[PDB]
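Keep in mind that the numbers below use all heavy atoms, side chains included, and drop hydrogens, waters and symmetry copies. Index from 1, following the sequence. Read the numbers this way: they start at 1 and go in the same order the structure lists the ligands and their atoms.
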Amino acid sequence: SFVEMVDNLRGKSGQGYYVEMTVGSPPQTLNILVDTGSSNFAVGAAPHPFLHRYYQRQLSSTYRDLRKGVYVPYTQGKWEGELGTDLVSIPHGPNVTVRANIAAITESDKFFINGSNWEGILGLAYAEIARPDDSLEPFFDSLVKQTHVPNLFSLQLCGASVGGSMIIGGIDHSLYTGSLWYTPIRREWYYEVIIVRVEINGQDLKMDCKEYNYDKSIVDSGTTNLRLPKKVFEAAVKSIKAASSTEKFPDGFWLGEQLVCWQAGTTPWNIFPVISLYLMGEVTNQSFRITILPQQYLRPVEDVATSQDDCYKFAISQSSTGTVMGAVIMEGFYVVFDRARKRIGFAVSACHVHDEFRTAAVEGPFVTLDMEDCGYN
Ligand SMILES: CC(C)c1cccc(CNCC(O)(O)[C@@H]2C[C@H](C)CCCCCCCCC(=O)N(C)[C@@H](C)C(=O)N2)c1
């Protein structure tokens, strides 16, 4: 019955992936951004220039006020609203209805995106990072408690306008090839993992592996880019610059500001290196790696000019709050959030990214000593 959930995600490049949901009685249909990097379920509940529609509490006979305010500040963007509960369903999901916490967004800043087609956010991470506090039960915890849906879901985000799948309650084996490789969830707040080694074009960055996880590493479908701590970011940019010194780019390109362009069909993919992230495995001294193609961290963008060339933005950003494995990393992999077994699985997606001589990969096993020391304390 998982086939009913295949291809239930849609989105625009750089504007996230969303699923169709209904809230209230009678059902109100809304597109909800799926975000594994937060734990609040929130919807537009008041007019906004970028909102096509929104939740109208007054029309829901099953709405209940919680008489408590709420606000969420993300790394970029924020909103504030009113808490309440209502009945929720997922048309292209499991065949159930749950009573869930809903933050009715009444005011927001640089959160909704002009013409993005989604009107709310579904935070899939754990209660610990829920606002206002961990007693506000997140959506997925409610789903699992109230129904027979097993405590795991999987995400297949397909790249370049974009689509994918959120398999709720299980794993759909037709969505990936090869074996699934699992990494422990270090702590149940964000989906936190431990990166134990980083290579660029097969060259180890040779840093204290604690730097990779300073101060945490998370898997976050609500973030576009791969975000790296200052020290790691500088090493990676230095390495990617050197591999691609055949050509020249504005330095604002390396900051994610300016885009770069090439004559349609002549993007010089070969001069951009592949990036390998090694993740802590399930057995002692064992890791596995995921390999990222340049087609993943060079995000295609529409050229606002009279030209119809190939234009891209550098989708690796500097971070001050740890490593973020964002959407461009998850694209091309099938990612299993196995909450029941405190682990996250990776496999090559059926909608994988294609190069001519190179391929994205999930390979193991590897031996890695002292992986324990890579976690930050
Ligand atoms: C809420 C708490 C727990 C919290 C606090 C700080 C950091 C985190 C880690 N997760 C951050 C996040 O992924 O949830 C948001 C989601 C977003 C606002 C949701 C709407 C935007 C979706 C499409 C545009 C993506 C551009 C982008 O990449 N962004 C806008 C990053 C910069 C970001 O900030 N994304 C969680």
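- Residue-ligand proximity, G14 to ligand 1, at heavy-atom distances under 4.0 Å covers atoms 24 (C).
- Geometric assessment of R131 against the ring of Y71 yields a positive cation-pi assignment under the 6.0 Å and 45° thresholds.
- Of the protein's heavy atoms, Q15 C, 3.5 Å lies nearest to atom 23 (C) of ligand 1.
- Judged by distance alone, the side chain of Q296 and the main-chain N or O of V328 form a donor-acceptor pair under 3.5 Å.
- Partner of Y17 under the side-chain hydrogen bond (donor to acceptor under 3.5 Å, both in side chains) criterion, chosen from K12, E331, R10: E331.
- The protein heavy atom nearest to atom 4 (C) of ligand 1 is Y190 OH, 3.9 Å.
- Distances from atom 20 (C) of ligand 1 to the heavy atoms of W118, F112, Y17, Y74 put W118 nearest.
- Close contacts of ligand 1 with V72, meaning ligand atoms under 4.0 Å from a residue heavy atom, involve 1 (C).
- For ligand 1, the atoms lying closer than 4.0 Å to a non-hydrogen atom of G16 are 23 (C).
- Ring orientation note: the planes of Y191 and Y126 are tilted relative to one another, at an angle of 30° to 60°.
- Looking only at protein heavy atoms, the nearest one to atom 30 (C) of ligand 1 is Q76 O, 3.6 Å.
- The aromatic rings of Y312 and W269 sit perpendicular, their planes meeting at an angle over 60°, well past the 30° parallel limit.
- Side chains of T368 and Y278: no donor on one and acceptor on the other come within 3.5 Å.
- Between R53 and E119 a salt bridge is recorded (basic side-chain N to carboxylate O distance below 4.0 Å).
- Summary of contacts: the protein heavy atom closest to atom 36 (C) of ligand 1 is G37 O, 3.2 Å.
- Heavy-atom proximity to atom 14 (O) of ligand 1, evaluated over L33, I129, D35, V324, is greatest for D35.
- Of the options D220, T224, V34, the smallest heavy-atom separation from atom 12 (C) of ligand 1 is shown by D220.
- Closest heavy-atom approach to atom 29 (N) of ligand 1 among the candidates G222, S221, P73: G222.
- If you check which protein heavy atom lies closest to atom 7 (C) of ligand 1, you get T75 OG1, 3.2 Å.
- Considering backbone and side-chain atoms alike, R227 places every N or O at 3.5 Å or more from each N or O of ligand 1.
- A salt bridge does not link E82 to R57: none of the charged side-chain nitrogens sits closer than 4.0 Å to a carboxylate oxygen.
- In terms of modelled atom types and a separation under 3.5 Å, the side chain of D310 and the main chain of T266 share no donor-acceptor contact.
- Annotation: atom 33 (C) of ligand 1 to nearest protein heavy atom, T223 OG1, 3.8 Å.
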